[PDB]
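One chain follows as structure tokens, the form deposited in one PDB entry.
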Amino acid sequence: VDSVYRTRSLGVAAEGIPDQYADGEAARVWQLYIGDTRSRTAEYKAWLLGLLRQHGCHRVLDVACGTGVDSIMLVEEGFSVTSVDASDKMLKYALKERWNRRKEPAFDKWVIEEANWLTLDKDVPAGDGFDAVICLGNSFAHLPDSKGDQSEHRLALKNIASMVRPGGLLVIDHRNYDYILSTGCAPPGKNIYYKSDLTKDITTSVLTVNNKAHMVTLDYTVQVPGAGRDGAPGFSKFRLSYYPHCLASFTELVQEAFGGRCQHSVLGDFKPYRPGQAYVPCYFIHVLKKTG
């Protein structure tokens, strides 16, 4: 019988040595990519701040915290923000920012915590509920459908909806999977939230099981600038996958998390979406108010 013997179990750590896959090529380019989410768009800052001001929002939950980018902006702008994420490699970066800016009182008062959408209700005390829960940049699509029925999608989305105060707002988005599913090409860098300073090439694979689109996998080949001989760049690659959320399924899923007690509007890039307009958006943003 063939035995394989690992030096240590997958998932364990040890004091003087880097964790399991922390310095592979894939993790190295990936770090350049997550650091390139820096340069937020004027449009983005303008839309989101205006939405939240117009509604009088003050406590806000960022449920896809990441490196802290969206959250750092709300802290700076005076909101009282709680930020959670299920990933520790990403939470490390937010945490580091809060420690650096500790002495600025608004950053001493920023709550970053671990939480999973599947167990949110128990990970995060709702309190009287928040004024706006945000889940933006196609964070949500990372979540696969393991069970084949979309039960896990329904559960994460209900819990997210459970953190909205009555009268409050959920702002959640997804990339345009309707376009991607029909050209087979997720085109690089047409991005409405941060301007990318890296050049990347994307290969898109779409897996369809029986007749249903089940996953979109993107291979990102990143030109890394200083890494050849006489100043030339190198190229390296990493991969990430997603659930291809179509606008109509998603609209059903999201209004179902509210039990139908919501108003619901869907924007196109930051502008309205009239189904059958010419302009094919890169991202659909849904803004739901709990009306009940």
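Rigid core (definition): largest C-alpha set, two forms, superposition within 1.5 Å. A residue's number is simply how far along the shown sequence it sits, counting from 1.
Visitor: Relative to the other compared entries, is residue 43 without coordinates in a third or more of them?
Guide: Comparison shows residue 43 kept in all of the other entries.
Visitor: Could you tell me whether residue 227 lacks coordinates in at least a third of the other compared entries whose models cover its neighbours on both sides?
Guide: That residue is missing from at least a third of the other compared entries.
Visitor: Please compare 127-135 with 154-162 and say which has the higher mean C-alpha temperature factor in the record.
Guide: Taking the mean C-alpha B-factor of 127-135 and of 154-162, the larger value falls to 127-135.
Visitor: Can you let me know which of the two, 116-124 or 163-171, has the higher average C-alpha B-factor in the entry?
Guide: If you average the C-alpha B-factors of 116-124 and of 163-171, the larger mean comes out for 116-124.
Visitor: Between 83, 217, 208, 183, where does the Cα B-factor run highest in the record?
Guide: Highest CA B-factor of the listed options: 183.
Visitor: Highest Cα temperature factor in the entry, among the options 53, 264, 245, 237: which one is it?
Guide: Most elevated C-alpha B-factor of the set, per the entry: 264.
Visitor: For residue 281, return the chain-relative third of its C-alpha B-factor as stated in the PDB record: lowest, middle or highest.
Guide: Middle third, going by the recorded CA B-factors of the chain.
Visitor: Among the modelled residues of this chain, does the Cα B factor of residue 268 put it in the lowest, middle or highest third?
Guide: Its C-alpha B-factor belongs to the middle third of this chain's values.
Visitor: Splitting the chain's C-alpha B-factors into thirds, which one does residue 61 fall into?
Guide: CA B-factor rank for residue 61: lowest third.
Visitor: Comparing residue 193 with the other modelled residues of its chain, is its CA B-factor in the lowest, middle or highest third?
Guide: Residue 193: CA B-factor falls in the highest third of its chain.
Visitor: Of the three thirds of its chain by CA temperature factor, lowest, middle or highest, which one includes residue 241?
Guide: Lowest third.
Absent from the display: the form deposited in another entry. The rest refers to it.
Visitor: Which of the listed residues (116, 217, 221, 162) moves its Cα by 2 Å or more between the shown form and the other one when the core is kept in place?
Guide: With the rigid core fitted, the residue that moves is 221.
Visitor: After the core is matched up, is the C-alpha of residue 232 off by 2 Å or more between the shown form and the other one?
Guide: Passes the 2 Å threshold, so yes.
Visitor: If I superpose the two forms on their rigid core, does the C-alpha of residue 261 end up displaced by 2 Å or more between the shown form and the other one?
Guide: Comparing the forms between the shown form and the other one, which are aligned on their rigid core, residue 261 does not shift its C-alpha by 2 Å or more.
Visitor: Aligning on the core only, does the CA of residue 140 end up 2 angstroms or more away between the shown form and the other one?
Guide: No, shifts by less than 2 Å.
Visitor: What happens to the Cα distance from residue 66 to residue 22 in the other form: does it get closer or farther than here, with a change of 3 angstroms or more?
Guide: Relative to the displayed form, residue 66 and residue 22 draw closer in the other form - a change of at least 3 Å between their C-alphas.
Visitor: Pin down for me whether the residue 94-residue 15 Cα distance shrinks or grows in the other form relative to this form (closer or farther, change of 3 Å or more).
Guide: Note: Cα gap between residue 94 and residue 15 widens in the other form.
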